Amino acid sequence: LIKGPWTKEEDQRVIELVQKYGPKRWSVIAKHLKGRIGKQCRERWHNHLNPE
């Protein structure tokens, strides 16, 4: 199933990618986040990691 807990570095990637491409497009972000699927990438953001 899902790997170990989210890391600051892992989150850093999502933050950058979301700033680059923009919100949504979790399919694209997931392809970079080789560890978390679109669902997890979406959750991580639509929970606590929501600066923007």
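(A) Fine view of the pattern of salt bridges. Here the structure, examined in full by the defined rule, presents six salt bridges. When the shortest N-O distance is used, the salt bridge between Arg 13 and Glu 9 registers 2.7 Å. Of this pair, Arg 13 and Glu 9 both sit in helix α1 (residues 8–20), four residues apart, roughly one helical turn. Residue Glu 9 is classed as exposed on the basis of its relative accessible area of 52%.

(B) Focus on α1. Over its 13 residues, α1 extends 18 Å from the first C-alpha to the last, a length consistent with the 18 Å expected when each residue adds 1.5 Å. Those residues of α1 not exposed but buried are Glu 10, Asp 11, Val 14, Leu 17 and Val 18. The arc that holds the buried residues of α1, viewed along the axis, is 125°, so those residues lie on one side. Opposite its buried face, α1 presents the exposed residues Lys 8, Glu 9, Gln 19 and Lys 20, each directed more than 90 degrees away. In this structure, the buried side of α1 is in contact with α2 (26–32) and α3 (38–45).

Scoring rules and cut-offs
- Residues numbered from 1 in each chain as written, not as in the entry; some residues may be left out.
- Heavy atoms only, no water.
- Salt bridge = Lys/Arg side-chain N within 4 Å of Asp/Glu carboxyl O.
- Helix = DSSP H or I, 4+ residues; strand = E, 2+ residues; numbered from the N terminus.
- Buried < 20%, exposed > 50% of the residue type's maximum accessible area, 1.4 Å probe, protein only.
- Expected span 1.5 Å × (residues − 1).
- Arc of directions from axis to C-beta.
- Contact = heavy atoms within 4.5 Å.

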